[PDB]
Amino acid sequence: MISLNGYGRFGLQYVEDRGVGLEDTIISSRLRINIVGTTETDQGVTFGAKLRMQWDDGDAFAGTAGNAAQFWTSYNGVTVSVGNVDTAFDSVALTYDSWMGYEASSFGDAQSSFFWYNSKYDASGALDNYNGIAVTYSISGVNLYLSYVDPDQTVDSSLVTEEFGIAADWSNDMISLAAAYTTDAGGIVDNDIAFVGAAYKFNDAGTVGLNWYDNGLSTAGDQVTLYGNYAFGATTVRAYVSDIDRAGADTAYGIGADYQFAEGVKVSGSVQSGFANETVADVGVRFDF
Amino acid sequence: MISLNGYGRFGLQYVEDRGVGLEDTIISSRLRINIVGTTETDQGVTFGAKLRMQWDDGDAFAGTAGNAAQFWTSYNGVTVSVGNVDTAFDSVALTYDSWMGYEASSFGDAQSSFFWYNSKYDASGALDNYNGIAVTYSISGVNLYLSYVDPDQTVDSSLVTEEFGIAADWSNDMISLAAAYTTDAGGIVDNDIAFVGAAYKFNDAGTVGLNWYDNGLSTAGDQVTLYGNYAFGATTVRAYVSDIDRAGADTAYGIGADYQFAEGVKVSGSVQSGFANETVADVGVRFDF
Amino acid sequence: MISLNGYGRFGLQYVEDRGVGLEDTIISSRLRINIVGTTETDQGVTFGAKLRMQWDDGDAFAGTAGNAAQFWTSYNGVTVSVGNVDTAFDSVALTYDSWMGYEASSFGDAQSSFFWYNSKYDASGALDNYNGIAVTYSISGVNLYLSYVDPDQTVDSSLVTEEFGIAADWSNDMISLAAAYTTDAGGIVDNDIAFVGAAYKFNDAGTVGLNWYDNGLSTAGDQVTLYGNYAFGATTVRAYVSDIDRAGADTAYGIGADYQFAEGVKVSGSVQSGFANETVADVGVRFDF
Ligand SMILES: CCCCCCCCOCCOCCOCCOCCO
Ligand SMILES: CCCCCCCCOCCOCCOCCOCCO
Ligand SMILES: CCCCCCCCOCCOCCOCCOCCO
Ligand SMILES: CCCCCCCCOCCOCCOCCOCCO
Ligand SMILES: CCCCCCCCOCCOCCOCCOCCO
Ligand SMILES: CCCCCCCCOCCOCCOCCOCCO
Ligand SMILES: CCCCCCCCOCCOCCOCCOCCO
Ligand SMILES: CCCCCCCCOCCOCCOCCOCCO
Ligand SMILES: CCCCCCCCOCCOCCOCCOCCO
Ligand SMILES: [Mg+2]
Ligand SMILES: [Mg+2]
Ligand SMILES: [Mg+2]
């Protein structure tokens, strides 16, 4: 069986003083198409394969291509994936919950380098022999994630640096806890990163959370992000503040709102301020199909 | 929801004396696949996104890629589109009705340069930050079209030339009228083009029309195309004659036929003569799927 | 109508002493997606078009693109195809029946150069004006195949070498016979190749066959491959031995097994030895969707 799903998004993206001779405000848009092939068996084992075709405004050649394939095998809550995998640091819950605006971005996200699912081709040739293995296991409320990425699997393993990651999250109706740790993140020797987060659903309407990160060799040093969101009917209000250890850094912060226009249609906007005083703002729509 | 549609076409394409060491007759073919994502809402607003994958014989690398995305929002007869848009000069009725043969071509088409929907990627890098906005409005019989194309939206607007186009068509059962005007067509300063056309359905079987163009900075100068077509059951006969103001130009003319083999299957052929005495002929099939 | 089908495969691929500084064992995988457009008519003539998107581990840019299109017209057992066609030497029965392992490979396959369906783009530019015509005709048990490939159809025909191929196979319940002949195979002047094969189904469980080849200008010279396979319920055991005329060559041989885990899911493995003493082994899964 083959299924297709995806989303389109478009709107305005403002970056205060983007560059000499550059427009501060542009129309930023993205089209994402996922192609999923699945083979269900009567033994209860599912085999799947996925390809992504994603286009972003500004992409080279004004064209769209597919990325590198991902394969998986699923059985009784256990999923083993091979190829262009989702990694543990990128898959755990809570780590991206300060996201806001129609481009779902946040200075409050971890400021470190690590591997993640590659949505597109890479013209440098760097990902040509990149291969990962990932294992996920889900119990009721517990999620365990394991990932191993070899950036160049054809070369002897002792000559290249592999990324190894582990992560777990747990949640009940009101409290959520999550943690992750990855050694040699991004294939960088000694870039060891970690995350610990917690969130409290202090109503059926609000949430407040706190994420803490060790960003390894990144110049940001350790980081803390405090975020919260509140739903008023169809409109959701979001905010966050984040601090890094880098000497002289500013406190980053953002404020935004989402409006659920219809099932699958979300109008979003945000005003954010970065660690180096960058001012960014956006307003747009995302529609899922 | 995601839908796929398209067409295939193949046949013979003859160009008298194509070139030294070249075959005059070749097998010319095209595969076109459109990927359309749509999100319908109960408020009556539809969101859509589209991608095209088109291959033509002779294409570089013997491969097919997707183009740059188009997004739209529709409500009550009004459609706003963003990204790789259809422009007003290319969308108006009548302007392409002298087309003939299985490759749907005609020397009688406007001899000017202007932007249009980009079916493919562009290896030059020229379309990388190209972005358009288009608005269409349809009443019963009236169609209004507006388009604005910025060839490089990241650069300050006063440093680049934007194309602005406007067009409208109207029709009842027998008479059709259409007009268009575009300033700085194709991003060329002072390339201002215009079109005015009219067609008369002098039966339920025949049509005769006349298109007039101002081709802006093109060397062709003003142009007039007179065309007609007549249906005899499943077979349609077509002809046209066209004249440009260029000094020394020949009258262009063409004669062709279509045969509707089945719903979605059209066999077509044409013999055409250009403004510089070029002789072209074709015969092939188009099938829609 | 547009349909999508394909397969995914992944597993281990071992090549004894692959290279200095290289890993002998790698994770080898392939994703194949076929896009088929078809137009059925009430006259009984079907028109079709096909595109393929295939990714293999190690592919340049860690991306996937479509190949060059194939078009066909079918009526009463006769199929005419144009464009990126399947050729007669590659389409006949029996010639690939010594295949084994999850990568379906065999040293026992013909050691010659010839054109075949191109699954992917070609960055060299070599296939840009490549065009084929192929005609197949199937009676009850008889299959006839004809193919003509022009590697650069834009250039005068007397300046380029075209491949012409013919093939036929016949089978009843127990005996199968097949033969093929191709002149200027692969666009190489005087590379004339041939094949003759026969297979005997000596049960409802086993098969033994013998393929013979004339490999034209290849250094392998003539070749003989003897293969057999036996089904034990869901598990199939396969073997082959092959000899070439090249001076000093070793006898190639392979042994493998398939396990039909479920409809559309096949687990396969093989250990093979080549004509130059190469030792290859594989183990993996293929799943069809
Ligand atoms: C009006 C044509 C010339 C001006 C071009 C500058 C472009 C600014 O126009 C904004 C028109 O809006 C379209 C873009 O998508 C973002 C809109 O907001 C999203 C939905 O809430
Ligand atoms: C095989 C799938 C198609 C992907 C191949 C595209 C290869 C293009 O690059 C060829 C070499 O030139 C380098 C391109 O510049 C970088 C492009 O991507 C950056 C995103 O905007
Ligand atoms: C300057 C060029 C255009 C860029 C402007 C985009 C700015 C869009 O607005 C930012 C979104 O901020 C809204 C605030 O959150 C407050 C609450 O009320 C909203 C829910 O109804
Ligand atoms: C016959 C093989 C060698 C000659 C090759 C030259 C190619 C000319 O052959 C034309 C065969 O036709 C196939 C092409 O599609 C166009 C046919 O007309 C379209 C349907 O009315
Ligand atoms: C990202 C989608 C794939 C499109 C990228 C293809 C990029 C190929 O070009 C890389 C640089 O070399 C230039 C190619 O020559 C022109 C090709 O297209 C002309 C149509 O025949
Ligand atoms: C010289 C190489 C092959 C190229 C030949 C293609 C020429 C095909 O014919 C052109 C089509 O012209 C047909 C004429 O219109 C007349 C009416 O009767 C047709 C409807 O039944
Ligand atoms: C365990 C992580 C580190 C070791 C990486 C070396 C990779 C070898 O691991 C093999 C794990 O298997 C996944 C690959 O697909 C092939 C398995 O066999 C196919 C099904 O019968
Ligand atoms: C138009 C469809 C996209 C295919 C175009 C990709 C073009 C990439 O090449 C641009 C020039 O550089 C040469 C690439 O190196 C060879 C790649 O393929 C070999 C398979 O691993
Ligand atoms: C050395 C690294 C890993 C590579 C090992 C792949 C080797 C896999 O095994 C080869 C398959 O050979 C099996 C034999 O046929 C014998 C019969 O019994 C099998 C059916 O149940
Ligand atoms: Mg963008
Ligand atoms: Mg062509
Ligand atoms: Mg491989």
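The structure contained in this document is the topic of the report that follows. (Residues numbered from 1 in each chain as written, not as in the entry; some residues may be left out. Chains lettered and ligands numbered in written order. Heavy atoms only, no water.)

**Describing the coordination of the magnesium ion (ligand 10)**
All names here are of chain A.
Step number 1: Those donors, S28 (OG) and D57 (OD), are the protein atoms that reach the magnesium ion (ligand 10), and they lie 2.2 to 2.5 Å from it. Of the two residues, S28 is situated in strand 2 (residues 25–40) and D57 in the loop between strand 3 (46–56) and strand 4 (70–75); the sequence distance between them amounts to 29 residues.
Step number 2: Take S28: its relative accessible area is 6%, and that puts it in the buried class. (Donors = N, O, S within 2.8 Å, 3.2 Å for Na, K, Ca; no water. Helix = DSSP H or I, 4+ residues; strand = E, 2+ residues; numbered from the N terminus. Buried < 20%, exposed > 50% of the residue type's maximum accessible area, 1.4 Å probe, protein only.)

**Re the site of ligand 3**
Residues and elements named next belong to chain A.
Step number 1: Neighbouring ligand 3 are the residues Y14, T25, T235, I255, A257, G269, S270, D282 and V283.
Step number 2: Here ligand 3 has 610 Å² of accessible area as a free molecule, and 50% of this is covered by the chains.
Step number 3: Of all the secondary structure elements, the ones that give two or more residues to the shell around ligand 3 are strand 14 (252–262), strand 15 (265–273) and strand 16 (279–288).
Step number 4: Of the residues that constitute the shell around ligand 3, the class distribution is four nonpolar, four polar and one charged. (Near = heavy atom within 4 Å. Areas by Shrake-Rupley, 256 points an atom, 1.4 Å probe, with all protein chains shown as cover. Nonpolar A, V, L, I, M, F, W, Y, C, P; charged D, E, K, R; others polar.)

**Remarks on the site of ligand 7**
Step number 1: Near ligand 7 the following residues occur: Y148(A), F10(C), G11(C), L12(C), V267(C), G284(C) and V285(C).
Step number 2: What surrounds ligand 7 is not a single chain but chains A and C.
Step number 3: A total of 590 Å² of accessible area belongs to ligand 7 in isolation, and the protein chains cover 50% of it.
Step number 4: Those elements giving two or more residues to the shell around ligand 7 turn out to be strand 1 (2–15) and strand 16 (279–288) of chain C.
Step number 5: Here the element with the most residues in the shell around ligand 7 is strand 1 of chain C; it accounts for three residues.

**Side note on the interface of chain C and chain A**
Step number 1: In this assembly, 34 residues from chain C lie in contact with 39 residues from chain A.
Step number 2: Of the roughly 2,700 Å² buried where chain C meets chain A, counting both sides, 69% is carbon and sulfur surface.
Step number 3: Of all residues in chain C, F61(C), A62(C) and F289(C) give up the largest surface area on contact with chain A, accounting jointly for 20% of the area buried on that side.
Step number 4: Taken together, the connections running from chain C to chain A amount to zero salt bridges.
Step number 5: Seen at the junction of chain C and chain A, the total is twelve residue pairs in polar contact.
Step number 6: Looking at the side of chain C that touches chain A, the elements with two or more residues in it are strand 1, strand 2 (25–40), strand 3 (46–56), strand 14 (252–262) and strand 16 of chain C.
Step number 7: Here the side of chain C that touches chain A is composed, by residue class, of 18 nonpolar, nine polar and seven charged. (Contact = heavy atoms within 4.5 Å. Buried area = accessible area lost by both parts, 1.4 Å probe. Salt bridge = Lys/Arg side-chain N within 4 Å of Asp/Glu carboxyl O. Polar contact = N/O pair within 3.5 Å; in protein donor to acceptor, adjacent residues only side chain to side chain.)

**Some points on the pattern of salt bridges**
Step number 1: With the rule as written, the count across this model stands at 15 salt bridges over all chains.
Step number 2: For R30(B), the salt bridge goes to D56(B), with nearest N and O atoms at 2.8 Å. With a gap of 26 residues between them, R30(B) in strand 2 (residues 25–40) and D56(B) in strand 3 (residues 46–56) connect regions that are remote in the sequence. In terms of burial, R30(B) and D56(B) fall into one category: buried.
Step number 3: Note that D56(B) and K120(B) form a salt bridge whose closest N and O atoms lie 2.5 Å from each other. Remark: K120(B) occurs in the loop between helix 1 (88–91) and strand 6 (131–138) and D56(B) occurs in strand 3; sequence separation between them is 64 residues.
Step number 4: Looking at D56(B), the relative accessible area reads 14%, which means it is buried.
Step number 5: Overall, the relative accessible area of 21% leaves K120(B) in the partly exposed class.
Step number 6: Within the structure, one salt-bridge network assembled from shared partners comprises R30(A), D56(A), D59(A) and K120(A).

**A closer look at the packing of aromatic side chains**
Aromatic ring pairs are described here by two measures, namely the spacing of the ring centres and the angle between the planes.
Step number 1: Tallied over the full model, the rule gives 42 aromatic pairs over all chains.
Step number 2: When the ring of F71(A) is compared with that of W55(C), the centres are 6.3 Å apart and the planes differ by 40 degrees; the resulting orientation is tilted. With one member in each of two chains, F71(A) in strand 4 and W55(C) in strand 3 form a pair that bridges those chains.
Step number 3: Exposure remark for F71(A): the relative accessible area of 0% places this residue in the buried category.
Step number 4: A residue is classified by how much of its surface remains accessible, and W55(C), at 5% relative accessible area, is buried.
Step number 5: Chaining the aromatic ring pairs together yields one cluster made of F10(A), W55(A), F261(A), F287(A), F289(A), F47(B) and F71(B).
Step number 6: Sitting over the ring of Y117(B), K50(B) keeps its end group 5.0 Å from the ring centre. (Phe/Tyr/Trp six-rings, centres within 6.5 Å; stacked < 30°, edge-to-face > 60°. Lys NZ or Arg CZ within 6 Å of the ring centre and 35° of its normal.)

**Overview of the environment of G248(C)**
Step number 1: Counting through the fold element by element, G248(C) comes out in the loop between strand 13 (235–244) and strand 14.
Step number 2: The spacing of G248(C) and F275(C) is 27 residues in sequence and 9.0 Å in space, taken between C-alpha atoms.

**Notes on the interface of chain A and chain B**
Step number 1: Taken residue by residue, the interface counts 34 residues in chain A and 39 residues in chain B.
Step number 2: Of the roughly 2,700 Å² buried at the junction of chain A and chain B (both faces included), carbon and sulfur atoms supply 69%.
Step number 3: At the junction of chain A with chain B, the criterion picks out zero salt bridges.
Step number 4: Inspection of the chain A/chain B interface yields twelve residue pairs in polar contact.
Step number 5: Broken down by secondary-structure element, the contributors of at least two residues to the side of chain A that touches chain B are strand 1 (2–15), strand 2, strand 3, strand 14 and strand 16 of chain A.
Step number 6: For the side of chain A that touches chain B, the residue count by class is 18 nonpolar, nine polar and seven charged.

**Looking at the relation of the copies chain A and chain B**
Step number 1: Superposition record for chain A on chain B: RMSD 0.0 Å, screw rotation 120 degrees, translation along axis 0.0 Å. Overall, the copies show the geometry of a three-fold rotation axis. Across chain A, the smallest distance between a C-alpha and the rotation axis is recorded for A65(A), namely 3.3 Å.
Step number 2: Residue by residue, only 6% of the interface of chain A is reproduced at the interface of chain B, so the copies engage with different surfaces. (Least-squares fit on C-alpha atoms.)

**Points about the side chain of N229(B)**
Residues and elements named next belong to chain B.
Step number 1: Here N229 is to be found in strand 12 (residues 223–232).
Step number 2: You can call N229 buried: its relative accessible area is 16%.
Step number 3: What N229 contacts, discounting residues up to four positions off in sequence, is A205, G206, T207, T236, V237 and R238.

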